[PDB]
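Analysis of the macromolecular model
Each chain, letter by letter, is given below.
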Amino acid sequence: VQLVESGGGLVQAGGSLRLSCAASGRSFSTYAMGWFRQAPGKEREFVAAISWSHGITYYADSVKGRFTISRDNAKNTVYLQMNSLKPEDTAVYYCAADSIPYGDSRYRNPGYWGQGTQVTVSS
Ligand SMILES: O=C(N[C@H](CO)[C@H](O)c1ccc([N+](=O)[O-])cc1)C(Cl)Cl
């Protein structure tokens, strides 16, 4: 099983990116999925999550109104649309999958982690 992030890059402040997390080896349609980030010299932090259940999403306060998480089960892919990017959004972004299917919104150590994609937002 592998999660692979793509869609990172270097963008002017105020611009947008769309990150993709493509899963292989297993359908994750029954699993909640999440995006996290780690800025240089800082700890990993939650960005957004999307349930297996239609329409249920969660966002860190710092990205509310700017980022949107979505998923496409036919492509086995989760997306992070990132609008109104700020220099403080510069980080490696990681996608992850819940440790169990059909989970609630309580904290669990994610069961699978990707290797990350770099996002750099210029001045
Ligand atoms: O983001 C995730 N887990 C967070 C960690 O804070 C939390 O455990 C969670 C799990 C499920 C969920 N959901 O079903 O929408 C939301 C958050 C995993 Cl889905 Cl990768």
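What counts as what
Residues numbered from 1 in each chain as written, not as in the entry; some residues may be left out. Heavy atoms only, no water. Salt bridge = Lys/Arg side-chain N within 4 Å of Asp/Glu carboxyl O. Buried < 20%, exposed > 50% of the residue type's maximum accessible area, 1.4 Å probe, protein only. Core = buried A, V, L, I, M, F, W, Y, C linked by side-chain atoms within 4.5 Å. Helix = DSSP H or I, 4+ residues; strand = E, 2+ residues; numbered from the N terminus. Near = heavy atom within 4 Å. Polar contact = N/O pair within 3.5 Å; in protein donor to acceptor, adjacent residues only side chain to side chain. Areas by Shrake-Rupley, 256 points an atom, 1.4 Å probe, with all protein chains shown as cover. Nonpolar A, V, L, I, M, F, W, Y, C, P; charged D, E, K, R; others polar.

The deposited coordinates, according to the entry record, derive from X-ray crystallography at 1.3500 Å resolution.

Labelled according to the PDB entry, the protein chain appears under the name VHH-Chl-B2, originating from Vicugna pacos. Here the PDB entry's recorded title is "VHH Chl-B2 in complex with Chloramphenicol".

So, on to the pattern of salt bridges. What the rule picks out here adds up to seven salt bridges. Between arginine 106 and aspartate 104 there is a salt bridge, and its shortest N-O distance comes to 3.4 Å. Judged by its relative accessible area of 38%, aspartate 104 falls in the partly exposed class. One salt-bridge network, in which partners are shared between bridges, spans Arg37, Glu45, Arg66 and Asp89.

Next up on the list: the nonpolar core. If you look at the biggest cluster of nonpolar residues, it comprises 29 residues, and the most contacted ones within it are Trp35, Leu80, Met82 and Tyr93. Mapped onto this core, the elements with two or more residues apiece are β3 (17–24), β4 (33–38), β5 (45–50), β7 (67–72), β8 (77–82), β9 (91–97) and β11 (117–122).

A few words now on unusual backbone geometry. Phi is positive for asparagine 76, close to 55°, though the residue is something other than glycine. Note that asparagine 76 resides in the loop between β7 and β8. Overall, the relative accessible area of 17% leaves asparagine 76 in the buried class.

Around the ligand, the structure places 18 residues, and the nearest of them are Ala32, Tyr58, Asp104, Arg106 and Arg108. A distance of 3.1 Å is found between an oxygen atom of the ligand and a backbone nitrogen or oxygen belonging to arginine 108. Protein contact buries 92% of the 470 Å² of open area that the ligand shows by itself. When contributions to the shell around the ligand are tallied by element, the ones reaching two or more residues are β4, β5 and β9. In terms of residue class, the shell around the ligand is built from ten nonpolar, four polar and four charged.

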